[PDB]
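1. begin with these chain(s), straight out of the complex:
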Amino acid sequence: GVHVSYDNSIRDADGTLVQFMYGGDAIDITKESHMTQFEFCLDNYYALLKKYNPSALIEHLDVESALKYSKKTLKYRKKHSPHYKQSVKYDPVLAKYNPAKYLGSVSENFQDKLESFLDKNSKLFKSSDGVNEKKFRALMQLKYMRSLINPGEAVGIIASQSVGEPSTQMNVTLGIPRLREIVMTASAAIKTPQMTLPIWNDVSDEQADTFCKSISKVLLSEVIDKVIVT
Amino acid sequence: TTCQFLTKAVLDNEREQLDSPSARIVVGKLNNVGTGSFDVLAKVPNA
Amino acid sequence: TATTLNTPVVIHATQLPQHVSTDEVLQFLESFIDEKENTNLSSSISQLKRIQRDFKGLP
């Protein structure tokens, strides 16, 4: 029952919404592979410009509304580039503009990596024929819009097979029994329930060994040498 | 446990809204996913 | 003649019928017959003209 609504939200065939975006970005795995290989795409810039020629499409939508959000939020977000003290005044652009309609509505993680690439490639920008970060960035955004997951894609099933099929190739429970222990039974009784504890930078290794002994359970049996009942 | 779900369904007087892809298969209905996520109509000349 | 491709699934009136006068009947007949003449239905049309003649007085 789990599929993509036309609004990009993940709803069940019941109608119950499960996620508001696929992985929170609505990106298709079958597209992503090169979606973050910017330099290569650039070496084949003119070809991709021939695929995603914008002049056919630049007439049907807006390339600024999201870019405007990018200006106010990109400023304040670079101002807030501590985690729980978030830029709560600005949700990500994917919340504020249909990624299919205003080119530039992209995960902030992808936006940031892309800009940082454009800055780190000013020397590639000293190797181009004339390409600029607005023309290349515009192209890569258009790759992003054209890489989005289609309305109605059976992504629930796709997920499920993507977990089953590779699990055929298969101190704590690993592999299939572990996945079973989670996915299949949601067992409140792990076979090897563990809790990882970060120890402060100041915590010496010897203090840590003292604490390791100091926390472990100690049964009376553990100290008993001999019991004689007469 | 098909019969168990049968019992709880009848006792509820449940109505199937025919959403499950499987359930819809049971009734021989175009699946609602993908190409069945929508309907197609036709534009016809009125004059 | 047994299925949808020839016969409507369902027919329902939305109000109580209206009792067309002889003159309204004749005006409909003349307009309908003329529009149809302008196909075994023609034979029923042949009967409609006789009805028209009977709605004229005499076949």
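-> Okay, I see it. Residues are numbered from 1 along each chain as shown, chains lettered A, B, ... in the order given.

2. where is the longest helix in chain A?
-> In chain A, assigned by DSSP state H, the helix with the most residues is helix A:65-79.

3. so how far is the helix or strand that that helix is followed by off the chain centroid?
-> Remark: after helix A:65-79, the chain's next helix or strand is helix A:93-96, criterion DSSP states H and E. Averaging C-alpha positions (Cα atoms, centre = their mean, to the nearest Å) puts helix A:93-96 16 Å from its chain's average.

4. now stretch A:7-23
-> On Cα atoms, centre = their mean, the centre of stretch A:7-23 falls 17 Å from the chain's centre.

5. can I get the CA coordinates of it in CSV?
-> Only the C-alpha atoms of stretch A:7-23 are listed here, as CSV (Å, rounded to 0.1, in the frame of the first residue of the first chain):
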residue,chain,number,x,y,z
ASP,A,7,2.3,16.1,-3.6
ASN,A,8,5.5,14.1,-3.0
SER,A,9,4.3,13.0,0.4
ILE,A,10,4.5,9.3,1.1
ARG,A,11,1.0,8.0,1.7
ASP,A,12,-0.3,4.5,2.0
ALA,A,13,-3.0,3.3,-0.3
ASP,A,14,-5.1,3.7,2.8
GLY,A,15,-4.3,7.5,2.8
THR,A,16,-2.3,7.5,6.0
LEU,A,17,0.8,9.6,5.4
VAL,A,18,4.1,7.9,6.3
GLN,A,19,6.7,10.4,5.2
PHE,A,20,6.5,13.9,3.8
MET,A,21,9.4,13.2,1.5
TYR,A,22,11.3,10.1,0.3
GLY,A,23,14.3,10.0,2.5
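
6. quick check, that stretch touching chain B?
-> Yes. Using Cβ under 8 Å from any Cβ of the partner chain, stretch A:7-23 reaches chain B at A:12-15. (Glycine included, C-beta is placed from N, CA and C.)

7. chain D should go on the structure too:
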Amino acid sequence: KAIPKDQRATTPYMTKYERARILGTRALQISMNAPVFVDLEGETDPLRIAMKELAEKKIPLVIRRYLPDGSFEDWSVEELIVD
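-> Placing chain D onto the earlier chains gives this:
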């Protein structure tokens, strides 16, 4: 259920699934003697003919995109960017 034209908010592009269904249904129509609005240009496969009709957007079909509420947007082929 009628989503106002002023209010249509969905992807201007034809989904792969929408395009697929359109091509099937229109092909099926021509194959059931729907009047072809494009040059047959020799072709005999109704499916490739419907593909020609898509290339010219001569297709006279409309997509009803449903929203899980049940509201829908009636879109012409002649506007949704085919690809």
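
8. before we move on, the earlier item: list the buried residues of the longest helix of chain A.
-> A:65-67, A:69-70, A:73-74, A:77 (16 or more other Cβ atoms under 10 Å in any protein chain shown).

9. and stretch B:16-29, by the same measure?
-> B:20-21, B:24.

10. and if you look at stretch D:50-65?
-> D:50, D:52-54, D:59-63, D:65.

11. from those residues, which single one is nearest residue A:39?
-> Using Cβ to Cβ, residue D:54 is the member of those that lies nearest residue A:39, at 35.9 Å.

12. now for the closest one: which residues touch it?
-> In this structure, residue D:54 makes contact with D:19, D:22-23, D:26, D:77, D:82, judged by Cβ atoms under 8 Å, 6 or more residues apart in numbering or on different chains.

13. ok, now with 7 Å
-> D:23, D:82 (Cβ atoms under 7 Å, 6 or more residues apart in numbering or on different chains).

14. quick one, phi psi at it?
-> Note on residue D:54: its backbone torsions stand at phi -60, psi -40 [degrees, to the nearest 10].

15. could you do residue A:102 as well?
-> Per degrees, to the nearest 10, the backbone of residue A:102 is at phi -120, psi 100.

16. from what I see, it and residue A:66 are in contact.
-> Yes. Counting by Cβ atoms under 7 Å, residue A:102 does reach residue A:66; the two are 3.7 Å apart.

17. circling back: out of the buried residues of stretch B:16-29, list just those in helices.
-> Per DSSP H, the subset of the buried residues of stretch B:16-29 in helices is B:21, B:24.

18. turn the buried residues of stretch B:16-29 into CSV, columns for distance to chain D.
-> As requested, the buried residues of stretch B:16-29 are exported to CSV (distance: Cβ to the nearest Cβ, whole Å):
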residue, distance to chain D
B:20, 14
B:21, 14
B:24, 15
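
19. append chain E to the structure above:
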Amino acid sequence: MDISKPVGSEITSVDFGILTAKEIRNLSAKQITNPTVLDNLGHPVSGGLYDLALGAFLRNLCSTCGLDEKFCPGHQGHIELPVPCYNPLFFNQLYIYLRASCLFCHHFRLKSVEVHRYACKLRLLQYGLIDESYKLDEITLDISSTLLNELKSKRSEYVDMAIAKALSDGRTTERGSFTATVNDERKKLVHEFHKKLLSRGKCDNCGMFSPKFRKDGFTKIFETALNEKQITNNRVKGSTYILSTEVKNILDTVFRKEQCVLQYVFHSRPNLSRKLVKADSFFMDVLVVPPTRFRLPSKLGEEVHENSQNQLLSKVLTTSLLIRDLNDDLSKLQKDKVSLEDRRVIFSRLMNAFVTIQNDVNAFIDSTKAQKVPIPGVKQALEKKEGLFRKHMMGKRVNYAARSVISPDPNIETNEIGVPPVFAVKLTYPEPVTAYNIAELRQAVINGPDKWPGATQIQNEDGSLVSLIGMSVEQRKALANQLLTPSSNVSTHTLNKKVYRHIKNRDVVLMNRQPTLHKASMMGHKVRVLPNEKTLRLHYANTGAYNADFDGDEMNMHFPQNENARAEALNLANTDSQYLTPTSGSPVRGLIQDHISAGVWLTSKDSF
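-> Once chain E is put in with the chains from before, the structure reads:
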């Protein structure tokens, strides 16, 4: 299927609900009464299991439809169960509801206003008003009848307010409110409801001491004695087996006296049907009779195997008729026979008979509810490992399909599949004939079914089928000049003829391997008829997507019959749409073995 035969009455939803014996009697095509099945070793017993009212048989027409075995859809008869019994399917339920009553008042032993409390919650959850469902608990105040009625007033007012708001706000509708969370809140509520229902170990509304109820498991309920402290307390308030009949007579009255709450207790959504909640819902006063069409014996090649239903049903008729005959024997004793304890034994026959019939009907439902490897009942028919649903609904056999061991072929496209001419001559496409395909179909007809781009059959536009299986070149020649004939019936003037043409180099086909581990393992390939082949030819590039190897692996070839499925098999399922896996998006399709060593050798700087 034919595209030429549309329907426009599609099912939009499915309501579930209990039948009723009077409904069955009105619809029932017949009552089957005779425990005989066949007679004189070979004849269909009148008004028995194989009465023609239950469908057509042996060239005998359906006595309810007069239709042949190949035509009569069949009709469902019915059995009038002597005494009322217990429905296995709800037996746990009726036991629960039995434990909830008062035996001197015949109400639920739970506080009436608290009950009303429940009814309120279940009404709000018909509309799924969850926040209000939690908000009801706040209504608060020896407790006067004026005060208990004041709680009933505030609660009813609360119902009216939450409804008036939600209906005003359109936050629900006349049709109720239905969501997954509403269902869950119902299961939790109905559970806490049942726990409070169980808490009363004596009546509160009436103070009465209900007996402890014991059960055998599926055929008897017993009514336990009480303690003299409770008995004498009953004086101031002034284990035995009981039949289903007494259970029905008590529970009916209890179920009516608490109909006002139970009305909302037994529906998760608004009872638009104004359905009375009847105790006869858990009991079977009658038994239906399925169509014989669906009760035919399994004859596989020579062996005729009896139907298991015939056997269990004959067991029901024998037991029931014996019990009716015992009822005749007491109707004999019953003049008066003042001291003939002789019946003290036929009365043992009555008790034994009664448990017997109940258990045997149970057996008719579920073998695992009766008392070595007995014929399966409907519960066994529906589940085990397939559940009629899994074995014939969630998966089926299919037509237009072939299976064969695959053989490699590198010279075909990577998107094609090599079809051997046996399969190329035995698979057809239902081609509507036009002015644009008249030439091709006229030639295919000329070839006939036993040649290349040929055709096995011709379906007229009148609906009739004309097989070309044995027609001569002359006969096919005559039909070729008739493929484009004019209309004949205005009933059919809109259609055009169809030709069941062989599969050819322009068709798409859906190849599926064994372990359907992922959707990428079942793709559509473009058909390429290969001469002088007998095995499915496949390009190597696909074998790492099927996880296939020519060791002996066999593949299913599906030929879709429809432009919707053709367009999907040429555009979506097609190999080109499968260059990446959705698991990871790494390409799963590339050259293999020898081609790899060939690239390593050819691309060496040493290669001139």
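
20. please look at the contacts of residue D:54 again, because chain E has been put in.
-> D:23, D:82.

21. tell me which element the residue of chain C found nearest chain D falls in.
-> Residue nearest to chain D within chain C (Cβ to the nearest Cβ): residue C:5, separated by 11.1 Å. Here residue C:5 is covered by no helix or strand, with elements defined by DSSP H and E.

22. helix, strand, or coil at the closest residue in space to residue E:449 that isn't next to it in sequence?
-> In space, and not counting its chain neighbours, residue E:449 is closest to residue E:456: 4.0 Å by Cβ to Cβ, 6 or more residues apart in numbering or on different chains. The three-state label given to residue E:456 by DSSP: H, G, I helix; E, B strand; the rest coil is strand.

23. residue E:456 contacts residue E:465, doesn't it?
-> No. Residue E:456 is not in contact with residue E:465 according to Cβ under 7 Å; the separation is 10.7 Å.

24. of the two, who's got more company?
-> Legend: neighbour count by other Cβ atoms under 10 Å in any protein chain shown for residue E:456 and residue E:465, higher for residue E:456 (19 against 11).

25. contacts only, for that one.
-> Contacts for residue E:456 were tallied using Cβ under 7 Å, 6+ apart; they are E:428, E:449, E:468-469, E:500.

26. now, of those, which are buried?
-> Using 16+ other Cβ under 10 Å as the threshold, E:428, E:449, E:468, E:500 are the buried ones among those.

27. identify the residue spatially nearest to the third one, adjacent ones excluded.
-> Pointing back at residue E:468 there. residue E:449 (4.7 Å).

28. list the residues that contact that neighbour.
-> Contacts of residue E:449 by Cβ under 7 Å, 6+ apart are E:455-456, E:468-469.

29. which one of the residues you listed is nearest chain C?
-> residue E:455 (24.4 Å).

30. just the residues contacting stretch E:204-220, thanks.
-> By Cβ under 7 Å, 6+ apart, stretch E:204-220 touches E:88, E:91, E:95, E:98-99, E:101-105, E:107, E:109-112, E:202-203, E:221-224, E:226, E:230, E:233-234, E:237, E:239, E:241, E:355, E:358-359, E:362, E:369.
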